[PDB]
Amino acid sequence: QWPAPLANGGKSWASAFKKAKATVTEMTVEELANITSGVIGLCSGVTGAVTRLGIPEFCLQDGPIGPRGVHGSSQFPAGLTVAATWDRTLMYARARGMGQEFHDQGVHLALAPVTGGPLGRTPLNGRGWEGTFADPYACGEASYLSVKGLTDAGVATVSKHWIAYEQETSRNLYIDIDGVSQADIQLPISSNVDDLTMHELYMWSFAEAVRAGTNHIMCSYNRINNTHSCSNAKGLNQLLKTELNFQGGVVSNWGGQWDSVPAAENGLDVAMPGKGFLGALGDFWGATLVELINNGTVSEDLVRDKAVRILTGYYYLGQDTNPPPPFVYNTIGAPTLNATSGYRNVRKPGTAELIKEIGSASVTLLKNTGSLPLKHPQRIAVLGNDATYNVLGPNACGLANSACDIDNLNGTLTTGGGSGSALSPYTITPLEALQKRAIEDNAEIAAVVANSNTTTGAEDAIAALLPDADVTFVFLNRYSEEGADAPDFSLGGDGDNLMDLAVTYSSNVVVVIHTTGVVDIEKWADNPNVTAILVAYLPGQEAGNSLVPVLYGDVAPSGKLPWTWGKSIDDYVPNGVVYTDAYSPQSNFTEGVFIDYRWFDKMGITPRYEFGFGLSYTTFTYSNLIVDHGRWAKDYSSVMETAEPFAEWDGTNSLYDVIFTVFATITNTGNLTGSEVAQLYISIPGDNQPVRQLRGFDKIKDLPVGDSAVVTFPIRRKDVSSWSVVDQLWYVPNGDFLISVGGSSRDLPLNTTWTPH
Amino acid sequence: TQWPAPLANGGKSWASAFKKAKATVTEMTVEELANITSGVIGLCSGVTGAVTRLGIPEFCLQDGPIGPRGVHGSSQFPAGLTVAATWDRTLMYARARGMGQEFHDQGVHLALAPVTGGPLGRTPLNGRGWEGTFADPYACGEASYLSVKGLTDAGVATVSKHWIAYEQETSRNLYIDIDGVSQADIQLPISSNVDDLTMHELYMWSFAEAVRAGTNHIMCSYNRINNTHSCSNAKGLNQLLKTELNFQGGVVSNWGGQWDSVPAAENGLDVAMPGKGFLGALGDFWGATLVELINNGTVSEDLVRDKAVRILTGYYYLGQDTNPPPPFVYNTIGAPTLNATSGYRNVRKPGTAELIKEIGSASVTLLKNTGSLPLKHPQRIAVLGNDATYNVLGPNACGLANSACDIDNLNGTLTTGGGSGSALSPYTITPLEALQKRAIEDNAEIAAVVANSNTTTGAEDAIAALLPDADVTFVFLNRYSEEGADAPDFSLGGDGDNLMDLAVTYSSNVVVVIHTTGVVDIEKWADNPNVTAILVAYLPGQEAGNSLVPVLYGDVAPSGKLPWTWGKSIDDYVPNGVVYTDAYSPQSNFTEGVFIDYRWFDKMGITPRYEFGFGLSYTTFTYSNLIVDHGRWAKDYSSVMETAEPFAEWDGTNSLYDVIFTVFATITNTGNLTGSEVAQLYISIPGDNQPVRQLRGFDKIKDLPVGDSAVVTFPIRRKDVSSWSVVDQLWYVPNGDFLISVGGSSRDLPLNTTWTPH
Ligand SMILES: *[C@@H]1O[C@H](CO)[C@@H](O[C@@H]2O[C@H](CO)[C@@H](O[C@@H]3O[C@H](CO[C@H]4O[C@H](CO)[C@@H](O)[C@H](O[C@H]5O[C@H](CO)[C@@H](O)[C@H](O)[C@@H]5O)[C@@H]4O)[C@@H](O)[C@H](O[C@@H]4O[C@H](CO)[C@@H](O)[C@H](O)[C@@H]4O[C@H]4O[C@H](CO)[C@@H](O)[C@H](O)[C@@H]4O)[C@@H]3O)[C@H](O)[C@H]2NC(C)=O)[C@H](O)[C@H]1NC(C)=O
Ligand SMILES: *[C@@H]1O[C@H](CO)[C@@H](O[C@@H]2O[C@H](CO)[C@@H](O[C@@H]3O[C@H](CO[C@H]4O[C@H](CO)[C@@H](O)[C@H](O[C@H]5O[C@H](CO)[C@@H](O)[C@H](O)[C@@H]5O)[C@@H]4O)[C@@H](O)[C@H](O[C@@H]4O[C@H](CO)[C@@H](O)[C@H](O)[C@@H]4O[C@H]4O[C@H](CO)[C@@H](O)[C@H](O)[C@@H]4O)[C@@H]3O)[C@H](O)[C@H]2NC(C)=O)[C@H](O)[C@H]1NC(C)=O
Ligand SMILES: *[C@@H]1O[C@H](CO)[C@@H](O[C@@H]2O[C@H](CO)[C@@H](O[C@H]3O[C@H](CO)[C@@H](O)[C@H](O[C@H]4O[C@H](CO)[C@@H](O)[C@H](O)[C@@H]4O[C@H]4O[C@H](CO)[C@@H](O)[C@H](O)[C@@H]4O[C@H]4O[C@H](CO)[C@@H](O)[C@H](O)[C@@H]4O)[C@@H]3O)[C@H](O)[C@H]2NC(C)=O)[C@H](O)[C@H]1NC(C)=O
Ligand SMILES: *[C@@H]1O[C@H](CO)[C@@H](O[C@@H]2O[C@H](CO)[C@@H](O[C@H]3O[C@H](CO)[C@@H](O)[C@H](O[C@H]4O[C@H](CO)[C@@H](O)[C@H](O)[C@@H]4O[C@H]4O[C@H](CO)[C@@H](O)[C@H](O)[C@@H]4O)[C@@H]3O)[C@H](O)[C@H]2NC(C)=O)[C@H](O)[C@H]1NC(C)=O
Ligand SMILES: *[C@@H]1O[C@H](CO)[C@@H](O[C@@H]2O[C@H](CO)[C@@H](O[C@@H]3O[C@H](CO)[C@@H](O)[C@H](O)[C@@H]3O)[C@H](O)[C@H]2NC(C)=O)[C@H](O)[C@H]1NC(C)=O
Ligand SMILES: *[C@@H]1O[C@H](CO)[C@@H](O[C@@H]2O[C@H](CO)[C@@H](O[C@@H]3O[C@H](CO)[C@@H](O)[C@H](O)[C@@H]3O)[C@H](O)[C@H]2NC(C)=O)[C@H](O)[C@H]1NC(C)=O
Ligand SMILES: *[C@@H]1O[C@H](CO)[C@@H](O)[C@H](O)[C@H]1NC(C)=O
Ligand SMILES: *[C@@H]1O[C@H](CO)[C@@H](O)[C@H](O)[C@H]1NC(C)=O
Ligand SMILES: *[C@@H]1O[C@H](CO)[C@@H](O)[C@H](O)[C@H]1NC(C)=O
Ligand SMILES: *[C@@H]1O[C@H](CO)[C@@H](O)[C@H](O)[C@H]1NC(C)=O
Ligand SMILES: *[C@@H]1O[C@H](CO)[C@@H](O)[C@H](O)[C@H]1NC(C)=O
Ligand SMILES: *[C@@H]1O[C@H](CO)[C@@H](O)[C@H](O)[C@H]1NC(C)=O
Ligand SMILES: OC[C@@H](O)[C@H](O)[C@@H](O)CO
Ligand SMILES: OC[C@H]1O[C@@H](O)[C@H](O)[C@H]1O
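Chain order of the listed sequences is E and A.
If you count by the authors' numbering, then the first sequence holds residues 48 to 804, one letter each, in order.
If you count by the authors' numbering, then the second sequence holds residues 47 to 804, one letter each, in order.
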């Protein structure tokens with residue numbers, strides 16, 4: 048129903064496309080099928096070579112915190128954790144660092160970053176942590192910078208997952224072992240998404256990935272309107288490849304492809320894993336595609352366009368003239384692949400300190416009745432296995448960080464489970480960072496780290512230790528992983544119990560939370576014995592040494608929440624995860640654009656901590672809001688260009704031009720130096736519009752007491768537009784826009800009204 | 047009475063302290079005498095009653111031999127065992143001086159330390175052997191001297207313990223009487239039946255050195271000797287200790303060491319402890335009862351004045367009247383026995399952490415090295431054992447005596463043993479922490495499996511998947527033991543056996559580190575070529591990791607040596623080392639005589655695995671040029687107190703402790719690295735049934751460079767070359783050929799020569 052436009056190279060890949068075209072033009076049918084389907088190798092996936100032309104096997108490798116399965120590398124903080132920095136410089140630098148390590152391990156294509164699938168419709172999503180903000184605008188800037196940093200290191204990106212992949216449950220990878228297939232049991236969950244919602248929420252971050260020059264995009268496991276993502280013509284050929292003007296390849300999820308012919312006709316470029324994983328995740332092209340070309344049902348012109356999309360990245364990143372080194376680790380594992388591993392160390396100086404700065408910039412202060420910052424306390428108590436090592440080793444949970452037992456004390460939660468985890472060379476534990484600082488103050492320190500419910504004597508030891516401590520730290524965690532959603536907000540392990548004991552025996556409890564998402568702390572958050580509360584997300588290998596300096600006030604906290612923290616799972620979008628045994632499971636996105644905070648705002652629900660909330664050790668006062676209509680500029684800077692239709696198109700201009708700039712002033716009005724994330728929210732007029740939508744942020748660094756700084760927010764045409772289902776285009780409405788500036792999504796003291804002319 | 051109580055006279059250094067003590071005691075009522083000589087209730091292990099009228103406060107008596115126990119704000123020092131392994135006199139003294147400063151700043155008058163030859167080492171299974179030092183009278187004696195000296199130099203009176211022949215914990219049998227039913231109705235204490243020669247040449251040796259250093263008090267033991275209780279043994283206390291050793295200080299009971307009012311008063315006891323403390327459950331035989339014994343004529347008032355004078359001598363000698371200790375603020379008894387709140391004081395001084403670390407670095411003993419040590423810069427490191435990290439319940443979770451955690455709990459690094467000799471910790475620097483630190487400096491990876499390998503799901507699989515790819519795997523092992531029990535055998539604590547099976551199965555470069563209270567069984571793996579090195583680190587206190595890692599990486603070469611013998615089997619030691627019996631009067635017959643630890647091995651031609659005095663370095667040393675200088679003698683001027691030990695060569699001017707000659711030898715560093723060497727001297731004294739050889743000297747040369755030489759020197763005292771004549775009741779230098787041997791261990795003695803006296 049929607050025809051596949053041919054690739055032409057767009058803006059920045061013109062010469063790379065031309066080499067890709069000339070190379071493909073000399074290929075046999077048997078060669079075209081080789082490069083478009085996966086083969087057996089050491090990496091997550093591997094394209095077939097075209098050996099007659101000197102095109103090698105491309106190594107495709109997970110994942111969104113760095114190369115997975117690999118020794119000799121670093122464990123970076125997750126996307127969640129960089130999001131909470133609200134710092135553009137760090138978002139870029141992390142991706143550049145990941146890229147360096149991908150390149151040096153010999154990866155051609157990184158299966159990274161996550162750029163808005165999952166976006167955040169449900170805060171229970173098992174792999175929400177792999178992405179960044181539950182907000183299209185901020186997820187969009189984060190995705191732009193993440194793709195830029197990876198591509199600038201010389202690795203091709205595969206941005207994922209396209210699209211509306213918002214729950215793990217019933218995602219239902221294609222699996223066929225013993226002749227019984229997943230198709231005989233249950234189809235994938237189907238996101239039924241209206242067109243306005245697709246344009247204004249889910250496509251937004253992908254447009255940014257495309258503009259930043261993402262080389263490839265991964266389709267998703269879910270169906271959309273009862274059509275598989277990997278063979279959805281409206282999705283791939285029309286929305287992605289026509290409207291977003293995407294010039295790269297679509298890569299299948301591993302078990303994302305369910306058929307041979309529709310996938311070919313409808314926009315898929317690469318079948319993965321192909322012959323990897325014994326063929327059990329389907330092997331629908333390869334020789335079957337040769338047959339389909341030669342027997343006439345799939346055209347050779349169509350398949351050539353797939354190969355050109357694959358080769359465009361190869362030539363634009365200069366992998367022909369500067370090939371990556373060889374890839375030496377078996378990341379698949381026996382019995383699936385029998386193959387020894389080499390060894391390579393790629394950790395560069397500077398990487399560890401970068402990982403620590405992202406942790407120190409993201410730790411988010413939620414409550415502080417005056418216990419923080421610490422001074423030089425003499426007697427410190429520490430609770431929870433989250434304060435120390437996994438008792439079986441940092442990497443004991445295996446190549447996907449998901450094979451340890453349900454009750455294992457996994458230690459500090461530095462990453463989540465699944466394809467987006469990575470190995471850690473060590474873990475810097477909160478306990479050891481705390482002890483180091485205790486020794487400097489000549490203090491004492493003791494930690495109870497066992498399970499408080501099941502270890503003989505643990506409850507007594509807690510009761511004897513806590514009453515004489517000046518401060519007691521409670522470390523809590525909540526592991527989640529790809530493949531399942533969290534059943535609710537409950538804390539992991541014995542957390543509930545550690546809290547019940549902590550508040551019973553101590554009056555100065557400081558809680559620290561390592562987590563993949565929102566958790567339930569309602570029983571304790573208003574207890575006056577809990578004097579402070581911090582969420583550190585998934586900080587990677589520098590867990591303790593990033594946190595402790597914030598606790599002791601060497602650096603004031605400046606992280607803010609990148610999603611909403613509701614009091615109950617009941618306060619979020621209804622039917623966040625659908626559980627059914629129907630053969631055709633359905634998820635209807637009837638909420639439309641109202642997910643996360645925009646659902647809270649429209650329903651008049653008050654969260655415990657709102658989107659964009661974080662405390663500091665000082666306070667900031669906002670003043671002098673200026674809307675400068677004189678400060679406009681053409682968009683010149685993008686790597687690639689969309690073909691997104693809009694009403695004000697004149698043949699030269701762009702949906703992404705800056706049409707005006709907004710300024711405000713902040714003043715440090717407390718007693719310490721501190722950083723501040725300023726945020727700008729826009730109320731677009733129209734019917735059934737979000738109360739307010741984030742459209743800017745700007746983080747001021749280390750503003751001294753009594754000093755002032757100007758904060759600046761460039762507003763693009765698209766930032767102030769709506770999508771017209773009837774006209775099929777973006778337009779700026781006439782009407783009153785409200786513009787608000789402040790320190791969180793509910794704390795906005797500056798406001799003004801803009802009416803277009 | 048056959049053995050009468052001599053009166054105190056103040057001896058050499060306590061003359062004026064004795065006169066102030068006598069001044070005060072002379073003014074005392076019978077009620078006041080009885081108050082100061084018996085324990086009362088308070089915050090410390092024991093408290094003497096005040097003499098309120100004369101301004102004598104309560105004296106705080108506080109455990110223990112690693113520093114003040116049950117107390118926050120202090121440091122956890124290494125155990126005696128550990129400092130013995132240094133063979134370093136300087137560290138022996140400095141350790142006790144620091145414990146001293148901490149005792150004193152915490153408010154302590156009398157420290158229940160050090161342990162100076164009870165237990166000595168008759169059995170390597172003794173649950174509290176680790177509190178002491180060497181299994182050898184000479185070396186124990188030198189360490190006791192210097193420990194008493196350090197503690198008394200700091201301002202705390204010492205109570206050296208345990209007199210005497212207290213060589214097993216089993217059936218030590220404290221006196222306990224509660225609800226009308228007493229330990230006397232169940233079983234008497236084990237009886238150490240010791241002949242006179244053995245008492246003089248073995249068990250009294252360390253105690254004579256403790257006396258000469260000015261130990262202010264001595265504690266008697268739980269054992270009976272020849273079926274008479276130590277705390278009321280007249281031959282023991284009045285004759286051997288107060289007459290022959292000329293002891294001028296007080297005798298304090300063990301807690302539950304006193305079994306009677308009257309014989310104890312007559313036969314040498316000076317202080318009853320704990321008295322009214324511990325609910326009077328441990329006996330309370332004096333107090334009001336002694337007041338009655340004096341008033342009604344059974345016990346002489348003058349005997350009791352002597353006891354008070356002995357107590358007060360220390361108070362005045364150490365200047366506790368003009369420089370009182372500050373108040374003692376911690377409840378170290380525990381609820382429900384004592385319901386009282388604790389204050390807080392911090393006495394940790396800069397410098398103390400480094401000293402503790404230095405003792406650890408100097409004691410770690412290298413027993414095997416096929417090439418794997420020192421490490422260079424390994425890139426992938428595996429670590430096994432909960433001994434590598436924290437007690438999962440907290441460093442102090444095991445309570446005020448380090449003995450109240452479950453039999454199966456993961457106690458983390460064994461930094462001290464259990465019982466009255468332990469102490470709390472402000473933190474523990476774990477081996478894993480310190481290794482990680484070094485791993486990060488080298489851009490390496492590191493991973494530890496620290497769960498119980500037998501009983502945690504997935505633990506054996508994690509060990510199997512982690513080990514094969516490591517460049518080096520460290521396995522940490524431990525063996526807790528405590529006061530009140532003897533170890534049943536040499537087996538490793540916890541899952542040690544299983545961790546060793548796994549480690550040699552999956553790795554070819556295993557380095558084993560043992561934290562232990564004594565010898566353990568590693569026969570199954572010590573000869574496995576995959577075990578490329580083995581170190582024993584004893585009980586290193588709070589600086590466990592950071593004392594160890596610099597040795598392993600070669601910043602410092604190891605220089606510790608075993609302070610006891612490591613046999614292949616328990617069956618190779620002195621038989622009947624621990625007696626087990628339900629007889630009412632259990633007997634232990636010391637029929638081996640002076641032949642314990644290495645003298646037993648040497649006499650019976652038994653080859654130990656690792657001998658007494660053994661320890662490798664990262665370099666080798668060559669011995670040469672043995673010289674016996676008969677002209678380098680000197681009179682003993684410098685002891686704090688004098689014994690009255692009779693000897694045949696007495697002329698009115700001279701001493702048993704004169705140096706009569708001096709021996710010299712030369713070491714040369716003959717390998718490729720700088721290193722320190724502990725040189726040792728052994729003498730074969732001629733006569734009937736004499737040890738093959740006996741340690742009589744040691745000297746540690748620090749940081750000898752490659753190709754350099756240094757002279758080692760061994761002053762030989764008259765007593766070092768004497769025997770006890772049972773017939774004549776005196777020490778004498780026998781006629782005959784004495785062989786003098788010098789070298790690097792008790793079985794690596796390349797230089798020898800012969801000395802003949804007439
Ligand atoms: C998954 O399923 C959903 C549900 O069906 C699919 O959404 C649909 O996507 C379609 C595009 O692929 C949309 O088609 C357009 O519909 C326009 C008319 O819109 C009304 O029609 C129906 C009437 O029964 C109604 O559903 C719509 O109501 C929704 O929107 C309004 C407003 O926000 C709300 O009030 C309602 O709640 C509903 O949510 C609308 O009221 C139609 O004008 C439009 O026109 C064409 O555009 C094309 C392509 O460029 C062109 O060929 C045609 O010529 C025509 O354009 C012409 O007209 C305009 C002038 O009017 C001119 O500018 C042009 O240049 C040209 O001359 C188009 O057909 C469909 O409405 C939308 N439905 C919903 C409910 O969202 C979703 O895409 C599926 N996704 C996937 C991945 O499959
Ligand atoms: C625990 O039980 C043990 C076992 O009973 C107690 O040991 C005993 O300690 C006694 C001292 O309290 C020793 O007494 C001396 O014995 C001398 C005689 O030695 C022989 O006699 C008996 C024969 O039946 C025998 O036990 C001994 O055999 C042992 O030793 C030899 C030699 O090494 C070995 O071959 C054997 O295998 C045995 O181990 C002996 O063969 C005796 O000369 C000595 O002399 C007196 O000293 C006192 C006090 O100062 C004095 O009153 C006397 O007049 C006399 O000395 C005078 O003369 C000398 C010169 O002759 C002069 O220099 C003096 O100044 C003075 O003018 C004394 O009676 C007893 O031998 C010993 N037994 C054993 C087996 O060791 C042990 O002490 C008990 N411990 C406790 C804490 O109670
Ligand atoms: C240390 O780190 C360890 C890992 O290294 C942690 O261990 C892992 O912990 C996770 C939980 O965090 C654990 O999760 C699985 O537990 C069992 C597996 O036996 C399953 O119940 C879980 O999946 C279900 O539960 C979810 C919530 O209720 C749900 O989101 C999910 O999708 C799934 O539910 C389906 O299954 C049920 C029927 O059987 C239905 O009720 C439900 O509707 C769902 O139906 C759908 O799927 C069915 C097929 O699966 C299908 O038939 C149906 O029609 C429909 O499609 C969950 O994965 C891991 O097992 C555990 N790992 C191991 C190895 O034990 C550890 O906890 C951590 N420690 C600490 C202290 O945190
Ligand atoms: C972690 O730390 C904790 C302490 O904080 C350690 O736990 C303690 O470990 C000790 C082992 O070293 C435990 O010792 C006792 O075990 C039982 C208790 O019921 C007891 O029978 C034993 O004493 C007897 O055995 C030996 C040898 O056979 C004798 O020397 C001793 O005198 C006792 O025998 C007597 O009784 C027998 C008749 O009943 C008779 O055969 C004999 O004749 C003899 O007279 C030990 O006392 C200790 O209980 C344990 N503590 C607690 C509170 O549970 C823990 O092990 C450390 N963890 C690790 C992994 O090492
Ligand atoms: C279809 O794709 C497959 C899989 O990539 C192509 O087979 C593979 O061809 C490559 C050469 O491009 C072989 O790798 C080379 O191996 C040699 C020595 O064994 C080595 O020295 C080179 O550096 C290089 O790595 C690879 O082994 C081979 N694998 C298999 C299973 O055959 C195949 O040729 C493609 N077909 C066409 C028509 O291009
Ligand atoms: C026999 O010993 C008992 C116990 O030592 C003596 O009673 C105690 O006497 C002391 C004074 O020497 C009292 O201590 C003081 O307490 C006050 C607080 O009330 C404080 O101001 C002082 O600094 C000091 O600590 C203590 O109250 C008291 N204890 C008991 C249990 O009564 C008794 O005096 C002695 N008998 C004779 C005859 O000397
Ligand atoms: C073309 O070949 C394919 C692949 O095997 C086969 O399934 C299909 O039916 C063929 N078409 C015709 C018209 O024979
Ligand atoms: C707060 O802690 C104290 C002990 O420090 C406890 O007794 C009190 O009940 C606690 N209060 C609450 C509300 O949990
Ligand atoms: C999804 O929506 C259609 C809309 O008309 C409805 O019939 C269906 O029941 C809805 N939900 C499910 C889970 O089927
Ligand atoms: C003296 O007093 C003691 C202790 O109360 C008593 O048991 C003993 O029988 C008395 N002795 C005489 C001879 O009265
Ligand atoms: C030494 O370790 C290897 C594994 O590295 C194992 O195969 C071998 O059997 C071990 N050797 C012995 C003697 O235990
Ligand atoms: C101990 O010694 C004597 C020999 O002098 C003997 O009567 C007794 O039976 C021995 N006891 C044991 C238990 O060996
Ligand atoms: O397991 C889910 C992941 O998305 C996989 O499909 C691939 O490794 C690509 O990320
Ligand atoms: O020093 C006090 C303790 O020493 C040991 O002898 C006993 O447990 C107590 O007496």
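The beta-carbon is built from N, C-alpha and C at its ideal position, and this holds for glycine as well.
Backbone CA spacing between residue i and residue j [nearest angstrom]
i, j, result
"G175(A)", "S252(A)", "15 angstroms"
Short CB-CB distance (under 7 angstroms) between residue i and chain E
i, result
"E487(A)", "no"
Residue j beta carbon less than 7 angstroms from that of residue i
i, j, result
"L401(E)", "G144(E)", "yes"
"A494(A)", "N592(A)", "no"
When the options are compared against residue i, the one with the closest alpha-carbon
i, options, result
"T136(A)", "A280(A), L192(A), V86(A)", "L192(A)"
Can you check the segment 503-544 of chain E for any alpha helix (DSSP H) of at least 4 residues that lies completely inside it and give the ranges in chain order? 505-512
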